[PDB]
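In what follows, a structure is listed as structure tokens, so that the remarks can point back to it.
All values below come from the heavy atoms of this structure, side chains included, with hydrogens, waters and symmetry mates left out. Sequence positions, counted from 1, serve as the residue numbers for this chain.
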Amino acid sequence: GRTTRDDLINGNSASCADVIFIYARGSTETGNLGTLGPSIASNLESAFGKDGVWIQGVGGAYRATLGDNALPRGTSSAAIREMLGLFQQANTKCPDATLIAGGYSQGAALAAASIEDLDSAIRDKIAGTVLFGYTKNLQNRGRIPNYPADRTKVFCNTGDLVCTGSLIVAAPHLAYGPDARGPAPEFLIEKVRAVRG
């Protein structure tokens, strides 16, 4: 933990964070950050300061329901609406914040779909996005539609079947902890500092 973070919903628009991180958990995971999000968050807080970054999980209508992986975009329409609404909150509350995003498994599909759909002016403020166990990795050829490769980092372990077109969960799918502790926040921090200094 903390596995629930609502720093954007509870954000002070007169004291905006420099960086706002919006993260979607995997299927059946707890809180709004699940198993990987808190590790990313602690590293972001150290890099930007506790008051310099807002950590926001995708809660609300995102139920992280296992069966929704089988829906067209790998998550539900209601979930996409929730994550889009959070990106819009960030844009409205803190128009000069640099955004960053991420997701695990269904949450990676949700991040990709939401980012695809977002108004381009808001999408263009997401300096980096990390995807773990990306369930649309094969189908989307390793990319988030409408979003540049340089700003994307996919963590797809060998033998994680969801990265090669399946929805079956095998052991490598449970081995993203090291990535969440190290290279994923490293990438986000790098990409934010690239644009912010």
Any residue meeting ring-ring contact (aromatic ring centres under 6.0 Å, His included) with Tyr62, in chain and number order, not counting sequence neighbours: none
Please check if the side chain of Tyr134 supplies one atom and the backbone of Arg143 the other of a donor-acceptor pair under 3.5 Å. yes
Are the aromatic rings of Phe132 and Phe155 close, with centres under 6.0 Å apart? yes
Should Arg151 and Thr129 count as side-chain neighbours, where that means a heavy-atom distance under 4.5 Å? no
Looking at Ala78 and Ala61, what are the two nearest heavy atoms and their distance? O-CB, 4.0 Å
For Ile9 versus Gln89, what's the shortest heavy-atom pair and its separation? CA-OE1, 3.7 Å
Side-chain heavy atoms of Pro38 within contact of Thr3, under 4.5 Å: yes
Please check this pair: side chain of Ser46 against backbone of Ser42, looking for a donor-acceptor N/O pair closer than 3.5 Å. yes
Judged by atom type as modelled, is there a donor-acceptor pair below 3.5 Å linking the side chain of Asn157 to the main-chain atoms of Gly133? no
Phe21: what forms a ring-ring contact (aromatic ring centres under 6.0 Å, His included) with it, not counting sequence neighbours? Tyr23
Any idea which heavy atoms bring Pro145 and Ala112 closest together, and the distance? CD-O, 4.5 Å
Could you pull out the closest heavy-atom pair between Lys136 and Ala109, with the gap in Å? CG-CB, 4.4 Å
With no hydrogens and no angle check, is any side-chain donor or acceptor of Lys191 less than 3.5 Å from a backbone partner on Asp150? yes
Using a 4.5 Å cut-off on heavy atoms from C-beta on, say whether the side chain of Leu33 contacts that of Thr4. no
Does anything in residues 107-135 pair up under salt bridge (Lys or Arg N to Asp or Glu O under 4.0 Å), and if so which pairs, sequence neighbours excluded? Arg73-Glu116, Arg73-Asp117
In Å, rounded to the nearest 0.5 Å, how long is the span from NE2 of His173 to OG of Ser105? 3.5 Å
Taking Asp7 for the side chain and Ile55 for the main chain, is one N or O donor matched with an acceptor at less than 3.5 Å? yes
If you measure from CG on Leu188 to CD1 on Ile100, what distance do you get to the nearest 0.5 Å? 4.5 Å
Rounding to 0.5 Å, atoms CG (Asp179) and OG (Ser39) come to a distance of 11.0 Å
Single hit among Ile22, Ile144, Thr152, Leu99 for side chain to side chain contact (heavy atoms under 4.5 Å, CB included) with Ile126: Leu99
Between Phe48 and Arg193, is there a cation-pi geometry (under 6.0 Å to ring centre, at most 45° from the normal)? yes
Taking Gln106 for the side chain and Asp68 for the main chain, is one N or O donor matched with an acceptor at less than 3.5 Å? no
Partner of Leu84 under side chain to side chain contact (heavy atoms under 4.5 Å, CB included), picked from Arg81, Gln88, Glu82, is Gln88
Which atom names give the shortest non-hydrogen contact between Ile189 and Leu44, and what distance separates them? CG1-CD2, 3.9 Å
Can you see which heavy atom on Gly57 is nearest to which on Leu86, and at what distance? O-CD1, 3.7 Å
Check whether any side-chain heavy atom of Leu8 sits under 4.5 Å from a side-chain heavy atom of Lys93, and report yes or no. yes
Would you confirm whether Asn69, through its side chain, and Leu66, through its main-chain N or O, come within 3.5 Å as a donor-acceptor pair? yes
How far does CH2 of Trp54 sit from CG of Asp6, to the nearest 0.5 angstrom? 12.5 Å
Whether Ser166 side chain and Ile168 backbone form a donor-acceptor pair below 3.5 Å: yes
Give, for atom CG of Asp18 and atom SG of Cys94, the distance between the pair rounded to the nearest 0.5 Å. 9.5 Å
Please test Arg196 against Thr98 for side-chain hydrogen bond (donor to acceptor under 3.5 Å, both in side chains), starting from the C-alpha separation and ending with a verdict. CA-CA 8 Å; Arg196 293 195 69 84; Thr98 309; 2.8 Å; yes
Rounded to the nearest 0.5 Å, the OG atom of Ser114 sits from the CD1 atom of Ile122 at a distance of 11.5 Å
Between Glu45 and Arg5, does any NZ, NE, NH1 or NH2 come within less than 4.0 Å of an OD or OE carboxylate oxygen? yes
Would you find a donor on one side and an acceptor on the other, under 3.5 Å apart, between the side chain of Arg25 and the backbone of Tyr104? no
